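Colleague:
Protein chains: 2
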Amino acid sequence: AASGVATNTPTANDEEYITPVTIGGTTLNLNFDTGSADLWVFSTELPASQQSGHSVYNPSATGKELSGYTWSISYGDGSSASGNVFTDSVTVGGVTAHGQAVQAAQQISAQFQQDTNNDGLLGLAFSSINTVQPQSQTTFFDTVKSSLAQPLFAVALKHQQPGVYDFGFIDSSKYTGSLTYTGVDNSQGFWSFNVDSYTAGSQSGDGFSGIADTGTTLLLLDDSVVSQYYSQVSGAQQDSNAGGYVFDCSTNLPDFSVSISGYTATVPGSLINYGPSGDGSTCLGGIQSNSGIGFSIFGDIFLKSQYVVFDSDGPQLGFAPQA
Amino acid sequence: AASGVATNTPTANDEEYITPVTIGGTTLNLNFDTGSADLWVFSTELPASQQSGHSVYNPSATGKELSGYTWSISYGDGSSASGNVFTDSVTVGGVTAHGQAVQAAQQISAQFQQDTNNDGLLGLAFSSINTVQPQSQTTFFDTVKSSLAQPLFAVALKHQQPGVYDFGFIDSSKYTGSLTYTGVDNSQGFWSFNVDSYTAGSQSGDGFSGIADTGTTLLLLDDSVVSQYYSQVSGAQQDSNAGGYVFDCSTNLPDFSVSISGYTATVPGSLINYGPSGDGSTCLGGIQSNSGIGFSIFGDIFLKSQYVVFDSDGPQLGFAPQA
Ligand SMILES: COC(=O)[C@H](Cc1ccccc1)OP(=O)([O-])[C@@H]1Cc2ccc3cccc(c3c2)CC(=O)N[C@@H](C(C)C)C(=O)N1
Ligand SMILES: COC(=O)[C@H](Cc1ccccc1)OP(=O)([O-])[C@@H]1Cc2ccc3cccc(c3c2)CC(=O)N[C@@H](C(C)C)C(=O)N1
Ligand SMILES: *[C@H]1O[C@H](CO)[C@@H](O)[C@H](O)[C@@H]1O
Ligand SMILES: *[C@H]1O[C@H](CO)[C@@H](O)[C@H](O)[C@@H]1O
Ligand SMILES: *[C@H]1O[C@H](CO)[C@@H](O)[C@H](O)[C@@H]1O
Ligand SMILES: *[C@H]1O[C@H](CO)[C@@H](O)[C@H](O)[C@@H]1O
Numbered sequence: 001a002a003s004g005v006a007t008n009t010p011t012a013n014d015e016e017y018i019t020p021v022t023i024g025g026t027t028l029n030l031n032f033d034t035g036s037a038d039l040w041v042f043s044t045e046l047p048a049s050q051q052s053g054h055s056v057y058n059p060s061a062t063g064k065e066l067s068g069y070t071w072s073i074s075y076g077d078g079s080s081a082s083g084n085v086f087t088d089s090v091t092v093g094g095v096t097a098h099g100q101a102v103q104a105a106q107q108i109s110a111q112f113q114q115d116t117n118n119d120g121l122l123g124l125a126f127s128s129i130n131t132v133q134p135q136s137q138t139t140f141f142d143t144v145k146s147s148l149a150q151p152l153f154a155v156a157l158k159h160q161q162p163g164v165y166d167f168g169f170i171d172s173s174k175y176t177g178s179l180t181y182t183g184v185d186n187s188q189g190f191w192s193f194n195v196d197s198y199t200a201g202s203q204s205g206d207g208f209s210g211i212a213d214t215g216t217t218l219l220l221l222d223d224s225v226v227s228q229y230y231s232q233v234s235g236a237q238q239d240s241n242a243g244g245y246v247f248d249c250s251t252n253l254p255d256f257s258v259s260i261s262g263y264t265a266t267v268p269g270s271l272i273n274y275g276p277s278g279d280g281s282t283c284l285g286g287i288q289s290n291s292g293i294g295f296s297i298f299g300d301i302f303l304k305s306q307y308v309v310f311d312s313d314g315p316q317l318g319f320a321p322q323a
Numbered sequence: 001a002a003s004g005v006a007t008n009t010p011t012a013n014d015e016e017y018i019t020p021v022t023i024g025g026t027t028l029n030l031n032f033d034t035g036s037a038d039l040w041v042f043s044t045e046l047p048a049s050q051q052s053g054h055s056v057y058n059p060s061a062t063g064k065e066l067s068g069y070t071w072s073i074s075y076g077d078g079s080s081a082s083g084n085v086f087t088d089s090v091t092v093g094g095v096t097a098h099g100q101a102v103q104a105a106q107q108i109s110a111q112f113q114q115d116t117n118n119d120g121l122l123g124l125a126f127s128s129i130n131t132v133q134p135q136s137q138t139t140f141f142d143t144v145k146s147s148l149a150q151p152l153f154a155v156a157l158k159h160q161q162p163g164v165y166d167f168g169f170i171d172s173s174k175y176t177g178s179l180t181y182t183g184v185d186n187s188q189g190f191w192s193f194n195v196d197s198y199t200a201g202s203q204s205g206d207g208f209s210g211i212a213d214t215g216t217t218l219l220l221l222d223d224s225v226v227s228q229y230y231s232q233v234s235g236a237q238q239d240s241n242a243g244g245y246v247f248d249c250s251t252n253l254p255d256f257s258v259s260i261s262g263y264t265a266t267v268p269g270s271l272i273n274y275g276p277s278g279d280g281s282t283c284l285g286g287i288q289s290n291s292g293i294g295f296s297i298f299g300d301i302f303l304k305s306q307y308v309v310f311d312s313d314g315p316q317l318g319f320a321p322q323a
């Protein structure tokens with residue numbers, strides 16, 4: 001049975017986490033994203049000037065073209081990318097997917113043309129939301145899952161330290177105590193789960209649903225919860241230059257917790273300070289608005305406090321505090 | 001119980017079929033497409049110069065905006081469109097969907113900027129492939145289906161004559177004999193079905209699968225079947241100016257048939273002559289290549305010969321020769 005461990009590393013301010021992935025013998029640094037289902041990479045099909053500063057996939061050398069197939073994806077921040085499709089070998093943490101669909105970029109929006117930290121994204125949401133047309137393809141995890149020792153992957157993202165993505169097995173040394181599981185609703189293709197309640201500092205509130213999403217940097221919540229939280233932070237103020245609420249870097253931030261099937265997942269206040277706002281000398285808060293979409297995004301700020309198991313059997317999510 | 005009849009009308013050469021749809025009190029001419037699941041329309045959000053020659057939806061007057069939601073779609077021919085989303089009333093053939101998601105265009109590719117024949121497309125494929133993010137929306141048919149007398153719609157497209165889309169009931173006067181049903185595989189979101197064999201003129205062959213697709217003008221088949229068919233047409237030749245095989249307009253074209261669950265669906269040769277090629281004085285053939293995608297597209301050329309029932313119970317497709 002297969003299993004493997006891929007090491008991830010945060011970029012500045014933990015804005016994103018990269019992990020090396022070898023495709024057709026070329027290694028590229030990808031952003032693993034449990035919030036989408038496409039594996040796409042910068043390629044030789046892009047104009048030369050856009051290839052600069054990136055490791056790029058050359059489909060002609062090793063890939064098998066799927067004639068007539070295309071892909072196009074748009075993310076929550078408005079960025080987008082599109083291209084054609086080839087099958088090729090893809091290795092992550094020593095685990096190899098033969099015949100994995102690789103989406104070669106032909107066009108990318110400005111956000112991507114600016115970020116030299118990654119060479120593409122590897123989707124780990126459910127395959128039902130893969131964008132390939134006319135027939136969608138399976139994510140790397142769905143392609144290999146029947147070969148793994150257990151059909152699951154687990155993640156430990158950390159603050160300014162290397163972390164891991166465990167494929168096919170659980171590393172019990174990565175968390176304290178036992179894991180608590182909760183059911184997943186995959187109807188919209190996400191790893192969605194319910195929380196029974198929350199506690200933002202000195203105020204508690206009713207439950208809501210949200211998605212476990214490694215691809216999103218912040219913890220995005222309802223406007224009402226955001227207001228409740230920052231009402232407790234002395235001097236907090238919105239600053240559109242920074243992208244949301246900011247406050248003096250020395251501020252004592254309250255914790256934020258959610259109850260999930262009897263388990264209390266706590267994000268300590270220190271993790272909620274995302275870092276310098278890059279506008280004056282204030283810091284940006286890890287908690288910000290979800291723009292009214294109706295559900296919460298449990299991004300990197302939250303994930304840094306927990307070891308999370310994504311189990312296809314159920315499906316279900318397991319949580320415990322990182323050790 | 002509800003039911004209704006919407007009248008469709010072909011544009012020049014039956015290139016596409018339009019049907020009026022009222023949205024928030026404004027009537028727009030849309031292309032009904034069983035091959036996709038998005039209802040999108042030209043809107044006031046487009047630059048003014050792109051609105052010219054179209055009836056356009058004004059979301060500010062009557063729609064409820066879904067904050068943070070967006071859509072982006074790319075079709076087989078490479079054309080694309082994207083925008084935001086509002087809910088509003090949508091009426092088709094006297095049947096009204098309250099709260100239907102309407103995708104307002106913000107950007108459209110050149111193909112759309114050129115076609116003044118339609119103001120958008122109304123998708124009738126399965127909702128699982130609707131492109132709205134972060135959570136997909138239901139097609140007009142899925143929105144109203146529980147209210148219809150029977151959860152199905154049926155279509156009769158015709159050559160240079162008005163046709164119909166029956167919602168919620170079957171008009172037995174539209175076909176000869178009884179309907180023959182076959183099972184549908186909706187796993188990729190299409191109305192996909194299997195044929196046991198085919199007969200192209202004097203040559204027969206093994207079966208394959210394909211999709212019933214009102215949105216595609218031609219009958220797109222495997223390259224091998226296309227070659228077999230045109231080998232029988234005297235003088236047939238490929239002409240990239242016309243887009244495929246062309247031949248003298250006076251030519252006698254052989255019939256094309258497929259066997260579906262014991263029923264023989266026959267497309268008479270006269271329907272296979274699509275019309276003038278718009279290159280010299282040859283005519284373009286109704287049968288052309290599917291570019292190697294692995295399944296066939298039963299487009300308008302095929303549908304003109306049959307009355308087709310799209311039944312959500314099963315799901316299943318029913319066929320009989322048009323009367
Ligand atoms: C296609 O679905 C995604 O975009 C899914 C789910 C979704 C969909 C629509 C709206 C909101 C959320 O997010 P994701 O794949 O994790 C997606 C991954 C992603 C892709 C491009 C990015 C470019 C710049 C910065 C970020 C990016 C993140 C940081 C960031 O957190 N961005 C968020 C927005 C929300 C602040 C974001 O777009 N994240
Ligand atoms: C998003 O899925 C569609 O495009 C589905 C299925 C599909 C997907 C990918 C590849 C092939 C087929 O096709 P459709 O919705 O019926 C889609 C509807 C559509 C949309 C825009 C068009 C613009 C110009 C001309 C046509 C258009 C047809 C005539 C035409 O037959 N075009 C074909 C290509 C195939 C000749 C077409 O794009 N048709
Ligand atoms: C992950 O688990 C597999 C299967 O037990 C091992 O073979 C591998 O070395 C790693 O421990
Ligand atoms: C990735 O790399 C780290 C150290 O660089 C290891 O701890 C991990 O097991 C994986 O090999
Ligand atoms: C379609 O069917 C409905 C339900 O029987 C009728 O009410 C309607 O007039 C049309 O015949
Ligand atoms: C649409 O219009 C035609 C005639 O224009 C009718 O036959 C059809 O029933 C529907 O009303």
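Protein sequence lines, in the order shown, are assigned to chains A and A'. A prime marks a further copy of an entry chain.
Note that the deposited numbering gives residue 11 to position 11 of the first sequence, counting from 1, and the numbers run on in steps of one.
Note that the deposited numbering gives residue 131 to position 131 of the second sequence, counting from 1, and the numbers run on in steps of one.
Even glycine gets a Cβ: it sits at the ideal position worked out from N, Cα and C.
Would you say the beta carbon of A'/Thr7 comes nearer than 7 Å to a heavy atom of ligand 6?
Modeller: The sequence position of residue 7 of chain A' within the second sequence is 7, counting from 1. For ligand 6, at least one heavy atom lies less than 7 Å from the Cβ of A'/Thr7.
Colleague: Listed in chain order, which residues of the segment 78 to 112 of chain A' have Cβ atoms closer than 9 Å to some Cβ of chain A?
Modeller: Under the 9 Å Cβ criterion, the segment 78 to 112 of chain A' contributes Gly78, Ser80, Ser82.
Colleague: Could you please tell me which residues of the segment 121 to 145 of chain A', in chain order, have their CB closer than 9 Å to any CB of chain A?
Modeller: Of all residues in the segment 121 to 145 of chain A', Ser128, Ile129, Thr131, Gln133, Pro134, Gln135, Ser136 have a Cβ within less than 9 Å of some Cβ in chain A.
Colleague: What is the rounded straight-line gap between the Cα of A/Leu124 and the Cα of A/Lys145?
Modeller: The sequence position of residue 124 of chain A within the first sequence is 124, counting from 1. The sequence position of residue 145 of chain A within the first sequence is 145, counting from 1. Roughly 12 Å between the two C-alpha positions.
Colleague: Would you mind reading off the limits of the beta strand (DSSP E) that contains A/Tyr245?
Modeller: Mapped onto the first sequence, residue 245 of chain A falls at position 245. Here the beta strand (DSSP E) through A/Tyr245 covers 244 to 248.
Colleague: Residues of chain A' with CB closer than 7 Å to the CB of residue 324 of chain A, please, in chain order.
Modeller: Given a span of 1 to 323 for chain A in the structure shown, any question on residue 324 of chain A remains unanswerable.
Colleague: Could you spell out the range, first to last residue, of the beta strand (DSSP E) harbouring A'/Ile287?
Modeller: Taking the first residue of the second sequence as 1, we reach residue 287 of chain A' at position 287. Counting along the chain, the beta strand (DSSP E) containing A'/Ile287 begins and ends at 287 to 289.
Colleague: Could you tell me which whole beta strand (DSSP E) segments of length 3 or greater appear in the segment 278 to 316 of chain A?
Modeller: You should have 282 to 285, 287 to 289, 296 to 298, 306 to 311.
Colleague: What ranges does the beta strand (DSSP E) occupy inside the segment 68 to 103 of chain A, keeping only unbroken runs of at least 3 residues that lie completely in it?
Modeller: Here the runs fully enclosed are 80 to 92.
Colleague: For A/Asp166, list the residues DSSP reports as bridge partners.
Modeller: Mapped onto the first sequence, residue 166 of chain A falls at position 166. DSSP output for A/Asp166 lists A/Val5, A/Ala154 as bridge partner(s).
Colleague: Below 8 Å, can you find three or more Cβ-Cβ pairs linking the segment 282 to 300 of chain A to the segment 216 to 228 of chain A?
Modeller: Contact holds: three or more Cβ-Cβ distances are below 8 Å.
Colleague: Cβ closer than 8 Å: which chain A' residues qualify as neighbours of residue 324 of chain A?
Modeller: Residue 324 of chain A falls outside the range modelled here, since chain A spans only 1 to 323, and no answer is possible.
Colleague: Under the DSSP definition of a beta bridge, which residues are partnered with A/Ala212?
Modeller: Within the first sequence, the letter at position 212 stands for residue 212 of chain A. A/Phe298, per the DSSP bridge assignment.
Colleague: Along chain A, which residues have their Cβ under 9 Å away from the Cβ of A'/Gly76?
Modeller: The sequence position of residue 76 of chain A' within the second sequence is 76, counting from 1. Near A'/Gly76 (Cβ distances below 9 Å), the residues of chain A are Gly68, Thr70, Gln133, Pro134.
Colleague: What do you reckon, is the C-beta of A/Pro151 under 7 Å from a heavy atom of ligand 4?
Modeller: Position 151 of the first sequence, counting from 1, holds the residue named residue 151 of chain A. No, the Cβ of A/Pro151 stays beyond 7 Å of every heavy atom of ligand 4.
Colleague: Taking only three categories from DSSP, how would you classify A'/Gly269?
Modeller: Walking along the second sequence from the start, residue 269 of chain A' turns up at place 269. If DSSP states are grouped into helix, strand and coil, A'/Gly269 belongs with the helices.
Colleague: By the three-class DSSP mapping on this structure, what secondary structure does A/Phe256 have?
Modeller: As a first step, residue 256 of chain A must be located in the first sequence, where it is residue number 256. Reduced to three states, the DSSP call for A/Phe256 is strand.
Colleague: If we ignore side chains and look at the alpha-carbon of each, how far apart do A/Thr176 and A'/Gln133 end up?
Modeller: The residue labelled residue 176 of chain A in the question sits at position 176 within the first sequence. The residue labelled residue 133 of chain A' in the question sits at position 133 within the second sequence. A/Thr176 and A'/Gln133: Cα-Cα distance of roughly 36 Å.
Colleague: Which same chain residues, not among the five before or five after A'/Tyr307, have their C-beta less than 6 Å away from its C-beta?
Modeller: Taking the first residue of the second sequence as 1, we reach residue 307 of chain A' at position 307. For A'/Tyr307, where only same-chain residues beyond five positions count, the Cβ hits under 6 Å are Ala156, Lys174, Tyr175, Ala320, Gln322.
Colleague: Whose C-beta lies closer than 8 Å to the C-beta of A'/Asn186 among residues of the same chain, with five residues either side of it excluded?
Modeller: Counted from its first residue, the second sequence places residue 186 of chain A' at position 186. Cβ within range, chain order: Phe126, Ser128, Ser192, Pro315.
Colleague: Rounded to whole angstroms, what is the Cα-Cα separation between A'/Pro47 and A'/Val267?
Modeller: Position 47 of the second sequence holds residue 47 of chain A'. Position 267 of the second sequence holds residue 267 of chain A'. Their Cα atoms are separated by approximately 43 Å.
Colleague: Please go through the same chain and pick out, in chain order, the residues whose beta-carbon is closer than 6 Å to the beta-carbon of A'/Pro162, but skip the five residues on each side of it.
Modeller: Within the second sequence, numbered from 1, the residue matching residue 162 of chain A' stands at position 162. Here the set comprises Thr7, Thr9.
Colleague: Give the straight-line distance between the Cα atoms of A'/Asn130 and A'/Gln137, rounded to the nearest whole angstrom.
Modeller: As a working note, residue 130 of chain A' is residue 130 in the second sequence. As a working note, residue 137 of chain A' is residue 137 in the second sequence. Between A'/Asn130 and A'/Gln137, the C-alpha separation is close to 6 Å.
Colleague: Put A'/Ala37 into one of helix, strand or coil per three-state DSSP.
Modeller: As a first step, residue 37 of chain A' is located in the second sequence; it is residue number 37 there, counting from the start. Coil.
Colleague: State the Cα-Cα distance for the pair A/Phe153 and A'/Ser109, rounded to the nearest angstrom.
Modeller: Along the first sequence, read from residue 1 onward, the residue named residue 153 of chain A stands at position 153. Along the second sequence, read from residue 1 onward, the residue named residue 109 of chain A' stands at position 109. Looking at the two C-alpha atoms, the distance is approximately 40 Å.
Colleague: Could you name the residues, in chain order, whose CB is less than 5 Å away from a heavy atom belonging to ligand 2?
Modeller: Every residue passing the under-5 Å Cβ criterion appears here: A/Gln133, A/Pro134, A'/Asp33, A'/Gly35, A'/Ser36, A'/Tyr75, A'/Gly76, A'/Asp77, A'/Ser79, A'/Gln111, A'/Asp213, A'/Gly215, A'/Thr216, A'/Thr217.
Colleague: Considering only the beta carbon of each residue, do A/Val95 and A/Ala2 sit closer than 8 Å?
Modeller: Taking the first residue of the first sequence as 1, we reach residue 95 of chain A at position 95. Taking the first residue of the first sequence as 1, we reach residue 2 of chain A at position 2. Yes.
Colleague: Does the beta-carbon distance from A/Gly24 to A/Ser89 come in below 8 Å?
Modeller: Mapped onto the first sequence, residue 24 of chain A falls at position 24. Mapped onto the first sequence, residue 89 of chain A falls at position 89. Yes. Within cutoff.
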